[PDB]
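Next up, structure_24.pdb (PDB, C-alpha atoms and all ligand atoms):
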```
ATOM      1  CA  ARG E 102      90.021  82.015 120.212
ATOM      2  CA  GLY E 103      92.174  82.156 117.041
ATOM      3  CA  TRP E 104      95.486  81.665 115.235
ATOM      4  CA  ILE E 105      98.476  83.452 113.651
ATOM      5  CA  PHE E 106     100.284  82.142 110.516
ATOM      6  CA  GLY E 107     103.474  83.254 108.665
ATOM      7  CA  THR E 108     107.277  82.829 108.463
ATOM      8  CA  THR E 109     108.789  85.290 111.031
ATOM      9  CA  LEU E 110     105.573  86.312 112.918
ATOM     10  CA  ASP E 111     107.392  89.696 113.563
ATOM     11  CA  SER E 112     105.705  92.146 111.063
ATOM     12  CA  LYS E 113     108.993  92.707 109.087
ATOM     13  CA  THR E 114     107.230  90.356 106.592
ATOM     14  CA  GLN E 115     103.517  89.468 106.188
ATOM     15  CA  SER E 116     101.427  87.282 108.527
ATOM     16  CA  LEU E 117      97.754  86.153 108.653
ATOM     17  CA  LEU E 118      95.770  86.765 111.878
ATOM     18  CA  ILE E 119      92.387  85.060 112.578
ATOM     19  CA  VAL E 120      90.371  85.973 115.753
ATOM     20  CA  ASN E 121      86.902  85.003 117.072
ATOM     21  CA  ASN E 122      85.234  87.402 119.614
ATOM     22  CA  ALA E 123      81.910  85.467 120.162
ATOM     23  CA  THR E 124      79.901  88.068 118.081
ATOM     24  CA  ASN E 125      82.204  87.852 114.981
ATOM     25  CA  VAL E 126      85.234  86.337 113.230
ATOM     26  CA  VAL E 127      87.876  88.915 112.111
ATOM     27  CA  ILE E 128      90.719  88.151 109.646
ATOM     28  CA  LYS E 129      93.721  90.355 108.616
ATOM     29  CA  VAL E 130      96.973  90.238 106.583
ATOM     30  CA  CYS E 131      99.218  92.978 107.966
ATOM     31  CA  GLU E 132     102.614  94.239 109.223
ATOM     32  CA  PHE E 133     101.550  96.493 112.192
ATOM     33  CA  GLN E 134     102.930  96.161 115.769
ATOM     34  CA  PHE E 135     100.998  93.118 117.085
ATOM     35  CA  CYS E 136     101.642  91.350 120.465
ATOM     36  CA  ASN E 137     105.201  90.392 121.625
ATOM     37  CA  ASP E 138     103.826  87.047 122.989
ATOM     38  CA  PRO E 139     100.186  86.570 121.810
ATOM     39  CA  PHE E 140      97.260  86.451 124.297
ATOM     40  CA  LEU E 141      93.895  88.204 125.033
ATOM     41  CA  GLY E 142      92.164  89.311 128.290
ATOM     42  CA  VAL E 143      89.235  87.264 129.759
ATOM     43  CA  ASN E 165     101.172  97.711 106.654
ATOM     44  CA  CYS E 166      97.888  95.925 105.706
ATOM     45  CA  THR E 167      96.885  94.178 102.414
ATOM     46  CA  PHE E 168      93.823  91.927 103.121
ATOM     47  CA  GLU E 169      90.960  92.172 105.672
ATOM     48  CA  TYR E 170      87.649  90.276 106.241
ATOM     49  CA  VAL E 171      84.835  89.975 108.877
ATOM     50  CA  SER E 172      81.951  87.476 109.398
ATOM     51  CA  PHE E 186      85.483  70.325 127.744
ATOM     52  CA  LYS E 187      82.421  68.542 126.161
ATOM     53  CA  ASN E 188      82.460  70.612 122.898
ATOM     54  CA  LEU E 189      84.895  68.893 120.501
ATOM     55  CA  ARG E 190      85.641  71.545 117.841
ATOM     56  CA  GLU E 191      87.698  70.342 114.853
ATOM     57  CA  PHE E 192      89.394  72.426 112.117
ATOM     58  CA  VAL E 193      91.581  71.839 109.041
ATOM     59  CA  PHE E 194      93.869  74.511 107.530
ATOM     60  CA  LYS E 195      95.788  74.316 104.190
ATOM     61  CA  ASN E 196      97.587  76.881 101.979
ATOM     62  CA  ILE E 197      97.727  76.191  98.187
ATOM     63  CA  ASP E 198      98.369  78.511  95.145
ATOM     64  CA  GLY E 199      97.799  81.681  97.253
ATOM     65  CA  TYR E 200      94.470  80.400  98.752
ATOM     66  CA  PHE E 201      94.097  79.604 102.489
ATOM     67  CA  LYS E 202      91.338  76.989 102.997
ATOM     68  CA  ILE E 203      89.381  76.235 106.206
ATOM     69  CA  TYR E 204      87.108  73.251 107.059
ATOM     70  CA  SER E 205      85.462  72.564 110.447
ATOM     71  CA  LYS E 206      83.016  70.517 112.569
ATOM     72  CA  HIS E 207      81.444  70.773 116.058
ATOM     73  CA  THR E 208      80.236  67.785 118.139
ATOM     74  CA  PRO E 209      79.578  66.931 121.797
ATOM     75  CA  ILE E 210      81.847  64.165 123.234
ATOM     76  CA  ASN E 211      80.302  62.087 126.083
ATOM     77  CA  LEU E 212      83.713  60.499 126.788
ATOM     78  CA  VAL E 213      85.288  63.952 127.386
ATOM     79  CA  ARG E 214      88.787  62.703 128.479
ATOM     80  CA  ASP E 215      90.422  62.341 124.997
ATOM     81  CA  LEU E 216      89.653  62.254 121.185
ATOM     82  CA  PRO E 217      86.707  59.861 120.417
ATOM     83  CA  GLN E 218      87.175  56.590 118.471
ATOM     84  CA  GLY E 219      84.220  57.017 116.000
ATOM     85  CA  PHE E 220      84.131  58.701 112.533
ATOM     86  CA  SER E 221      82.886  62.232 111.549
ATOM     87  CA  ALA E 222      83.484  64.512 108.481
ATOM     88  CA  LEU E 223      84.508  68.226 108.486
ATOM     89  CA  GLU E 224      82.827  70.613 105.984
ATOM     90  CA  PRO E 225      84.205  73.790 104.291
ATOM     91  CA  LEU E 226      83.957  77.321 105.791
ATOM     92  CA  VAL E 227      86.120  79.772 103.734
ATOM     93  CA  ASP E 228      88.687  80.006 100.897
ATOM     94  CA  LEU E 229      90.766  83.193 101.310
ATOM     95  CA  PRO E 230      93.054  84.741  98.556
ATOM     96  CA  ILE E 231      95.778  85.727 101.106
ATOM     97  CA  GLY E 232      98.967  84.921  99.041
ATOM     98  CA  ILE E 233     101.419  84.208 101.994
ATOM     99  CA  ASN E 234     104.333  81.696 102.118
ATOM    100  CA  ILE E 235     103.148  80.201 105.502
ATOM    101  CA  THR E 236     105.681  77.885 107.291
ATOM    102  CA  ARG E 237     104.865  78.450 111.045
ATOM    103  CA  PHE E 238     101.740  79.110 113.164
ATOM    104  CA  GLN E 239     100.502  79.812 116.732
ATOM    105  CA  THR E 240      97.139  79.793 118.644
ATOM    106  CA  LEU E 241      95.508  82.530 120.831
ATOM    107  CA  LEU E 242      94.270  82.158 124.450
ATOM    108  CA  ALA E 243      92.144  84.286 126.823
ATOM    109  CA  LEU E 244      93.996  84.853 130.178
ATOM    110  CA  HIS E 245      93.537  86.758 133.506
TER     111      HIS E 245
ATOM    112  CA  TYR P 449     111.335 105.744  89.128
ATOM    113  CA  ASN P 450     107.976 105.410  91.039
ATOM    114  CA  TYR P 451     107.697 101.807  89.633
ATOM    115  CA  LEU P 452     109.941  98.849  90.652
ATOM    116  CA  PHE P 453     110.620  95.115  90.182
ATOM    117  CA  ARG P 454     112.557  92.459  92.201
ATOM    118  CA  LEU P 455     115.846  91.290  90.611
ATOM    119  CA  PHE P 456     117.080  89.046  93.510
ATOM    120  CA  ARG P 457     115.513  86.394  95.840
ATOM    121  CA  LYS P 458     116.499  83.134  97.679
ATOM    122  CA  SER P 459     114.004  81.158  95.480
ATOM    123  CA  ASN P 460     111.240  81.531  92.841
ATOM    124  CA  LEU P 461     107.663  82.496  93.817
ATOM    125  CA  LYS P 462     104.913  79.847  93.903
ATOM    126  CA  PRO P 463     101.850  80.669  91.688
ATOM    127  CA  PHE P 464     100.037  83.759  93.091
ATOM    128  CA  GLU P 465     102.714  84.139  95.864
ATOM    129  CA  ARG P 466     103.671  87.786  96.724
ATOM    130  CA  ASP P 467     106.711  89.315  98.517
ATOM    131  CA  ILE P 468     107.387  92.877  99.842
ATOM    132  CA  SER P 469     110.486  91.955 101.988
ATOM    133  CA  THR P 470     113.660  94.149 101.678
ATOM    134  CA  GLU P 471     116.411  91.715 102.882
ATOM    135  CA  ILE P 472     119.864  92.245 101.250
ATOM    136  CA  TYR P 473     120.823  89.528  98.734
ATOM    137  CA  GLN P 474     124.161  87.730  99.290
ATOM    138  CA  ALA P 475     125.519  87.249  95.727
ATOM    139  CA  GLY P 476     128.721  85.364  96.810
ATOM    140  CA  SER P 477     131.315  84.405  99.462
ATOM    141  CA  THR P 478     130.845  87.380 101.916
ATOM    142  CA  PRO P 479     127.671  87.740 104.120
ATOM    143  CA  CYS P 480     125.813  91.070 104.262
ATOM    144  CA  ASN P 481     124.904  91.693 107.977
ATOM    145  CA  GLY P 482     121.791  93.772 106.989
ATOM    146  CA  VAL P 483     123.566  96.289 104.620
ATOM    147  CA  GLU P 484     124.796  96.570 100.990
ATOM    148  CA  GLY P 485     128.532  95.898 100.448
ATOM    149  CA  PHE P 486     131.040  93.505  98.841
ATOM    150  CA  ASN P 487     128.913  90.852  97.016
ATOM    151  CA  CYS P 488     125.787  92.304  98.803
ATOM    152  CA  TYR P 489     122.857  94.071  97.049
ATOM    153  CA  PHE P 490     119.364  95.504  97.716
ATOM    154  CA  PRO P 491     116.837  93.162  95.958
ATOM    155  CA  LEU P 492     114.709  95.766  94.049
ATOM    156  CA  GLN P 493     115.341  97.725  90.796
ATOM    157  CA  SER P 494     113.485 100.498  88.882
ATOM    158  CA  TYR P 495     112.713 100.789  85.136
ATOM    159  CA  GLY P 496     113.304 104.595  84.861
ATOM    160  CA  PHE P 497     110.604 104.839  82.115
TER     161      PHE P 497
HETATM  162  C1  LIG V 501     105.352  97.902 108.091
HETATM  163  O1  LIG V 501     105.392  96.956 106.975
HETATM  164  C2  LIG V 501     106.736  96.746 106.381
HETATM  165  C3  LIG V 501     106.652  95.644 105.313
HETATM  166  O2  LIG V 501     105.650  95.968 104.333
HETATM  167  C4  LIG V 501     107.742  96.361 107.481
HETATM  168  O3  LIG V 501     109.078  96.523 106.965
HETATM  169  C5  LIG V 501     107.662  97.234 108.741
HETATM  170  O4  LIG V 501     108.529  96.648 109.751
HETATM  171  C6  LIG V 501     106.214  97.325 109.237
HETATM  172  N1  LIG V 501     106.109  98.146 110.446
HETATM  173  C7  LIG V 501     106.302  97.653 111.667
HETATM  174  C8  LIG V 501     106.007  98.594 112.847
HETATM  175  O5  LIG V 501     106.726  96.510 111.828
HETATM  176  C1  LIG V 502      83.777  91.774 117.714
HETATM  177  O1  LIG V 502      84.528  92.432 116.644
HETATM  178  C2  LIG V 502      83.746  93.379 115.806
HETATM  179  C3  LIG V 502      84.702  94.055 114.815
HETATM  180  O2  LIG V 502      85.708  94.803 115.531
HETATM  181  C4  LIG V 502      83.002  94.393 116.696
HETATM  182  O3  LIG V 502      82.048  95.122 115.895
HETATM  183  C5  LIG V 502      82.216  93.708 117.821
HETATM  184  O4  LIG V 502      81.597  94.731 118.649
HETATM  185  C6  LIG V 502      83.159  92.832 118.653
HETATM  186  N1  LIG V 502      82.416  92.197 119.742
HETATM  187  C7  LIG V 502      82.660  92.401 121.031
HETATM  188  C8  LIG V 502      81.785  91.604 122.010
HETATM  189  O5  LIG V 502      83.517  93.196 121.412
END
```

Would you mind writing the file out in structure tokens?
Ligand SMILES: *[C@@H]1O[C@H](CO)[C@@H](O)[C@H](O)[C@H]1NC(C)=O
Ligand SMILES: *[C@@H]1O[C@H](CO)[C@@H](O)[C@H](O)[C@H]1NC(C)=O
Amino acid sequence: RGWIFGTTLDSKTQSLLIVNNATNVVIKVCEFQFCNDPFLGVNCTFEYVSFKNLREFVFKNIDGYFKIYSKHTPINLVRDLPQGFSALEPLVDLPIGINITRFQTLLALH
Amino acid sequence: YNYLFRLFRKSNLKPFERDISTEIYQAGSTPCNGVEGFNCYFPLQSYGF
């Protein structure tokens, strides 16, 4: 459902949070008390709001911009990445300004 | 003194990089352990306009 990017990931210095909640995407750059070990149930300076499914994403961080590209496709051979070619297309280009060196993903759990 | 600048850092900023961290700078041979001291300084300064 989303990702966390930064250096420490501890809110003593800045980190970028991205979350999808099926109705929206929500994006924040902040230093509040977030999760100790990130998951979801089944002190700010930027904010924004919008196995057959192979979903593909690309993330890169250049001159203070964080850039996202993506694609969705079915995969009839579901077992592993398919052998054919497809191209990802841009989503967003965010002026977030962070020195990102580490990242993590977010999962829905019982 | 309500305005400040950074005098010390581990390395230069990249273009449009930004940094509000308050870690003590080690200027020399003795480490700082999270406080000012011998060869150890807070990274910000004020103009005193
Ligand atoms: C609030 O943000 C500052 C950095 O701007 C950070 O030092 C502080 O730890 C943050 N608060 C919490 C609860 O982490
Ligand atoms: C998704 O997040 C937005 C912003 O907080 C909120 O308005 C919306 O109700 C959320 N959707 C659900 C299903 O909770």

- Please identify the residues whose atoms come within 12 Å of ligand LIG 502 (chain V), using all atoms listed in the file, and report them as a PyMOL selection string. chain E and resi 102+119-129+142-143+169-172

Write the selection just made, keeping C-alpha atoms, as a PDB file, in the coordinates of the input?
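Result went into part_21.pdb, see below:
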```pdb
ATOM      1  CA  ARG E 102      90.021  82.015 120.212  1.00  0.00           C
ATOM      2  CA  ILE E 119      92.387  85.060 112.578  1.00  0.00           C
ATOM      3  CA  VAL E 120      90.371  85.973 115.753  1.00  0.00           C
ATOM      4  CA  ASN E 121      86.902  85.003 117.072  1.00  0.00           C
ATOM      5  CA  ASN E 122      85.234  87.402 119.614  1.00  0.00           C
ATOM      6  CA  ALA E 123      81.910  85.467 120.162  1.00  0.00           C
ATOM      7  CA  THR E 124      79.901  88.068 118.081  1.00  0.00           C
ATOM      8  CA  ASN E 125      82.204  87.852 114.981  1.00  0.00           C
ATOM      9  CA  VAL E 126      85.234  86.337 113.230  1.00  0.00           C
ATOM     10  CA  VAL E 127      87.876  88.915 112.111  1.00  0.00           C
ATOM     11  CA  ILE E 128      90.719  88.151 109.646  1.00  0.00           C
ATOM     12  CA  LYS E 129      93.721  90.355 108.616  1.00  0.00           C
ATOM     13  CA  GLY E 142      92.164  89.311 128.290  1.00  0.00           C
ATOM     14  CA  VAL E 143      89.235  87.264 129.759  1.00  0.00           C
ATOM     15  CA  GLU E 169      90.960  92.172 105.672  1.00  0.00           C
ATOM     16  CA  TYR E 170      87.649  90.276 106.241  1.00  0.00           C
ATOM     17  CA  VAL E 171      84.835  89.975 108.877  1.00  0.00           C
ATOM     18  CA  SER E 172      81.951  87.476 109.398  1.00  0.00           C
TER      19      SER E 172
END
```

- Of the candidates P:470, P:459, P:477, P:487, which one gets nearest to ligand LIG 501 (chain V) if we count only C-alpha atoms and all ligand atoms? P:470

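Distance check against residue 167 (chain E) using all atoms listed in the file: of P:475, P:483, P:452, P:468, the minimum falls on P:468.
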
- Item | Selected residue of minimal separation from ligand LIG 501 (chain V) among P:469, P:493, P:478, P:450, counting only C-alpha atoms and all ligand atoms | P:469

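Once only C-alpha atoms and all ligand atoms are used for the distance check, the residues close to ligand LIG 501 (chain V) at 9 Å turn out to be residues 111, 112, 113, 114, 115, 131, 132, 133, 134, 135, 165 and 166 of chain E; 467, 468, 469 and 470 of chain P.
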
Which residues of chain E have any atom within 8 Å of an atom in chain P when counting only C-alpha atoms, and what is the closest pair of atoms for each, with the distance in Å to one decimal? Order the rows by chain and rising number and write it as a tab-separated table.
```
residue	atom	partner	partner_atom	distance
E:113	CA	P:469	CA	7.3
E:114	CA	P:469	CA	5.9
E:198	CA	P:463	CA	5.4
E:199	CA	P:464	CA	5.2
E:232	CA	P:465	CA	5.0
E:233	CA	P:465	CA	6.3
E:234	CA	P:465	CA	6.9
```

- Message: For a quick check of understanding, using only C-alpha atoms, which of E:103, E:192, E:137, E:130 has the smallest distance to residue 225 (chain E)?
- Response: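 Nearest candidate to residue 225 (chain E) out of E:103, E:192, E:137, E:130: E:192.
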
- Between CA of residue 224 (chain E) and CA of residue 193 (chain E), distance in Å (one decimal):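 These two atoms are separated by 9.4 Å.
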
- Message: Would you compute the distance between CA of residue 110 (chain E) and CA of residue 479 (chain P)? Give it in Å to one decimal.
- Response: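 Going from CA of residue 110 (chain E) over to CA of residue 479 (chain P), I get 23.8 Å.
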
- Taken to one decimal, the CA of residue 188 (chain E)-CA of residue 244 (chain E) distance is 19.7 Å
